[PDB]
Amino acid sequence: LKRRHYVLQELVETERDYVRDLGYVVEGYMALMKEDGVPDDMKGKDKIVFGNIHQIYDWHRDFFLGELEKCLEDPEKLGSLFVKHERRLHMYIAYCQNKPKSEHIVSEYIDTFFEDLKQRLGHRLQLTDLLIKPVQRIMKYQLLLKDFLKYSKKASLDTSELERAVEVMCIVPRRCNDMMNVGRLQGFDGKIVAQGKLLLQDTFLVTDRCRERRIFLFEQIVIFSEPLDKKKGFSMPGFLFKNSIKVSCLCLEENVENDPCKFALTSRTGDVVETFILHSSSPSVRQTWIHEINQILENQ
């Protein structure tokens, strides 16, 4: 029970820090850029840079920090809070989706315009580090709530509401990673939005020697990509487009050499036929992809 209070104490204290840190962006960077202007070649492009950070800031400042400060004297509320405001936590998905586009503009001005602003504001951190903070916080909720669940489970308390909250803090951070990765794909001809919902995403060894491929399953397309080196200014590595299969051309072979981790995908573009063997990390990933490919092939 002593360690359970420690985790809740840390959660509240870092929430205060989170509002302040977001405040360095909103009422530090954004306010001065709105007052004094931007460089010539950056006009209108600041909406991309910040995404919906102001909306996130508003909600944590005017509402959610106070909600978490009530949990200090009433810890049973904590489980209810993350379930109740599940949809308000979907803001982070929109943030993470925009994040790769944000990183591109910032990296072009980090040493010039934004450095001048950092020097004026007197921040310890650069804008690059401040803009990662919302991504860090959604992961920090998962890390702390899992620990708070762990010590509640040892204390023989009611955990039903708290387990639901933990499951919410699986789905949202994972979608955040999923959407962020998608926007880091380069060399693809055509628009990502024009491919239907992103359904699944994983890394396989692929044989056309086998190489690593990050594979994106959209409703209308399957994209194969090579993992790239992490760039200067970017928080995650990118992905280079290698090949794609349209769902209307797709064929699933479930069994390849009877291996519980292999399956095949075939592309049937006219008279040109190409088969790809996908080696899974585990059997359960194979079962997820097979189910999902069988569902989209059964529509059209």
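From 1 onward, residues are counted along the sequence shown.
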* Structure fact -> In the entry, residues of the deposited sequence missing between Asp208 and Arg209 amount to 4 to 9
* Where do the C-alpha atoms have the higher mean temperature factor in this entry, in 72-80 or in 108-116? -> 72-80
* Between 266-274 and 42-50, point out the one with the higher average CA B-factor as the PDB entry records it. => 266-274
* By the entry's C-alpha temperature factors, tell me which of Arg184, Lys150, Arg175, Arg213 sits highest. => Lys150
* From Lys154, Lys133, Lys140, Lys99, which pick has the Cα B-factor that tops the rest in the entry? -> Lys154
* Asked: Lowest, middle or highest third: where is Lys242 by Cα B-factor in its chain?
  -> middle
* Asked: In terms of the CA temperature factor given in the entry, to which third of its chain does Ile221 belong: lowest, middle or highest?
  -> lowest
* Asked: Going by the entry, which third of its chain does the Cα temperature factor of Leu252 land in?
  -> middle
* Sorting the chain's CA B-factors, does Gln55 end up in the lowest, middle or highest third? -> lowest
* **CA B-factor placement of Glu27, once the chain's modelled residues are sorted into thirds** => lowest
